[PDB]
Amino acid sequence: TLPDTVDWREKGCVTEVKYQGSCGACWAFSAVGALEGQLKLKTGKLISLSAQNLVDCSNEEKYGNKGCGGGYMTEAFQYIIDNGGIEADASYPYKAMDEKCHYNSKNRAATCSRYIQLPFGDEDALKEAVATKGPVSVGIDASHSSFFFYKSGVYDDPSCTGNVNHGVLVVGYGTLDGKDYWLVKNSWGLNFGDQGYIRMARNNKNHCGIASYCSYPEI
């Protein structure tokens, strides 16, 4: 059986909310967020990892990522795997611009061996992964102005579609005033949503495509 409510923030597995600025780096923050969760669960240390390392060093056709022009969480993991590591944010800080890759293996802060993809649109599979594995990288349709008007409750705008466009991180789930939600960490800083988080409708026919492209890394 699975718990009714999960919140990885309570287990110390979620770093501070970051601010992506005008660089289309949502995919990089989503990936490092998922990897940060796994690092904490394995080593016991919570460390912010370098979204900038991903933005600078995976901007090539091998991966299909485009730096500040967008990218894919799975390809970010693949880069980390191929590269034999990723730096911490401390040593490779976020600049919100495309820069020349300057990865240094002496500052390796985490590694990745493989990544897992969940079945397309399966919110039950996502619930199990969030419950038992940790934070999960997801794509959502975050193109509706209502997404940025949200302050509280459970975001459930009927105009949302399954055509996804932003990467974010699911750090938990539960039920708020009778409405099932996924607890989503964004990368728009602490002024977005509820302290950087939005609760998005769960079990409502894969709303905003939240369970369409789920993945998480394995250290």
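From 1 onward, residues are counted along the sequence shown.
Just going by the entry, 113 to 121 versus 136 to 144 on mean CA temperature factor gives the higher value to 113 to 121.
Note on 23 to 31 vs 56 to 64: mean CA B-factor is higher in 56 to 64. In this PDB entry, the Cα temperature factor of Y155 sits in the middle third of its chain's modelled residues.
Sort the chain's modelled residues by C-alpha temperature factor and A90 lands in the highest third, per the entry. In this PDB entry, the Cα temperature factor of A131 sits in the middle third of its chain's modelled residues. Placement of the Cα temperature factor of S212 within the chain: middle third of the modelled residues, per the deposited record.
For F149, the recorded CA temperature factor ranks within the highest third of the chain's modelled residues.
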